[PDB]
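> Quick one, structure for this:
(2 chains)
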Amino acid sequence: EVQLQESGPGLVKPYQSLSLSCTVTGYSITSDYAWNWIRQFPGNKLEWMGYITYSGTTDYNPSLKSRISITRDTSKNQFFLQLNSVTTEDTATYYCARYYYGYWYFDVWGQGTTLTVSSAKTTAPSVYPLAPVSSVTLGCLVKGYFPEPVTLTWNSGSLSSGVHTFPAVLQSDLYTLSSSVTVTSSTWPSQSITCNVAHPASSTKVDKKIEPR
Amino acid sequence: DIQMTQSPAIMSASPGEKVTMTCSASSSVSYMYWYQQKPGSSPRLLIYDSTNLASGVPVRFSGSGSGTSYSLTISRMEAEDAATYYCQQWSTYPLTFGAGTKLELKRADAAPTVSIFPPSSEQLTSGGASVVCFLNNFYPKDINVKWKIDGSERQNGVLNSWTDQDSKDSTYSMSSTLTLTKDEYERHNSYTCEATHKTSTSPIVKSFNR
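Residues are numbered from 1 along each chain as shown, chains lettered A, B, ... in the order given. Sharing the structure here:
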């Protein structure tokens, strides 16, 4: 089956250019259809950016076709997006999609890739444990990191029930995120419960055990 | 270059109800398209050409409209219909989409399980102090939390975050973090987190003293 996966930088400085790729498997970009580039967020607003057809080029870009360029590498089977003189207004998550012919619709979409345009510097998170309250709900606090995202698992992903990871809130160029996990009173503190945090952008990974302090 | 407005932005419905969302176009469009986007999954085409149902789409969905007004209706709502729906057009175009309508599932009221956390010693050594309050598994996403330090309501320095509706039980959760300086924290004694929700006339109070 056809999958489609995006790639590119997570953070880009203002006025620089942005480059993203879309790799497709299970189908060749030369056979048929036009595999496009679309962007969404933050307020859910969407914008179709352009497409490149199976015959190459024949591409179109919305009227904002002045800083954009979509190209392809038929030997590696992937198309690319080049946006220039990027600004803060360009932070969003990008999706590459395939437009089915005849039936005017997009039938295959990628996983999406988020791009932040900011002069702010990457900052590693401080991970704090939160030892527990009422039938034992424990927590983890990840604060002061930039940019998004961080990955948080409880006990190497083994524990998934009762978990609630709350979305990151930006408080002056820095982010703060948290998570709670509810377990039975008999489980903890005898059975260890550690919080696993990973922040790729600053290459930070830390395991924080919730001790009954 | 038509702008598409989907109203209502969000709505809830219980299984068995008749649902109807709308898509307005700044100027006439010749037949709209509707996509359904289940949380945590690719969008799927639902309706093509204003009324034509795509294959694999349940008969309960219908589409209608003409000119600058288009609507999506679900005769009978099913749990599995909770998702975001987008309208799209291509007539007088560059093609454009709408910002979607989030159809959430209505369910029985549920009060939150509140938990409070003093700041970790590790954090204190750095000179900062955050008090966290978790309010978990409650229905009307609408809840008001209050932070009180020695009786006074602290309204600044708080960050609130809710999770999307829970896949397994149509419930919500939220966290409220009160960040302070170590020295303002130690200059006080009681830290309270108060929740006011539809389920209780009196608020839920969770506190701790240093």
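
> Going by C-alpha atoms from here, please, whenever you check contacts or count neighbours.
Fine.

> In chain A, which residue sits nearest chain B?
The minimum distance from chain A to chain B, using CA to the nearest CA, falls at residue A:45 (4.7 Å).

> Give me every residue in chain B that's in contact range of chain A.
B:42-45, B:94-100, B:114-120, B:122-123, B:134, B:159-163, B:173-175 (CA under 8 Å from any CA of the partner chain).

> List buried members of the residues you listed by neighbour count.
B:43-45, B:94-100, B:114-120, B:123, B:134, B:159-163, B:173-175 (16 or more other CA atoms under 10 Å in any protein chain shown).

> First-to-last residue distance for stretch A:150-164?
15 Å (CA to CA, to the nearest Å).

> again with stretch A:110-126
For stretch A:110-126, the end-to-end distance is 32 Å (CA to CA).

> if I read this right, residue B:193 contacts residue B:116, doesn't it?
Yes. In this structure, residue B:193 is within contact of residue B:116 by CA atoms under 8 Å, at 7.2 Å.

> what residues are shared contacts of the two?
Common neighbours of residue B:193 and residue B:116 (criterion: CA atoms under 8 Å, 6 or more residues apart in numbering or on different chains): B:133, B:206-207.

> ok, now which ones touch residue A:164?
A:179-181, B:163, B:173.

> Now it: which helix or strand?
Counting by DSSP states H and E, the element that carries residue A:164 is strand A:163-170.

> roughly how far is that strand from the heart of the chain?
The chain centre lies 14 Å from the centre of strand A:163-170; the measure is CA atoms, centre = their mean, to the nearest Å.

> List the buried residues of it.
In strand A:163-170, counting by 16+ other CA under 10 Å, buried: A:163-170.

> Strand partners (parallel or antiparallel) of it?
strand A:175-182 (antiparallel) (DSSP bridges).

> helix or strand right after the partner strand?
Sequence-wise, the next helix or strand downstream of strand A:175-182 (DSSP H and E) is strand A:194-199.

> How about that following strand and chain B, touching?
No. Among the residues of strand A:194-199, none lie within reach of chain B under CA under 8 Å from any CA; the closest is 14.3 Å away.

> which residues are contacting that strand?
Applying CA under 8 Å, 6+ apart, the contact partners of strand A:194-199 are A:124-125, A:127, A:129, A:140, A:142, A:149-156, A:204-210.

> how about 7 Å then?
Identification of contacts with strand A:194-199 by CA atoms under 7 Å, 6 or more residues apart in numbering or on different chains yields A:140, A:149-156, A:204-210.
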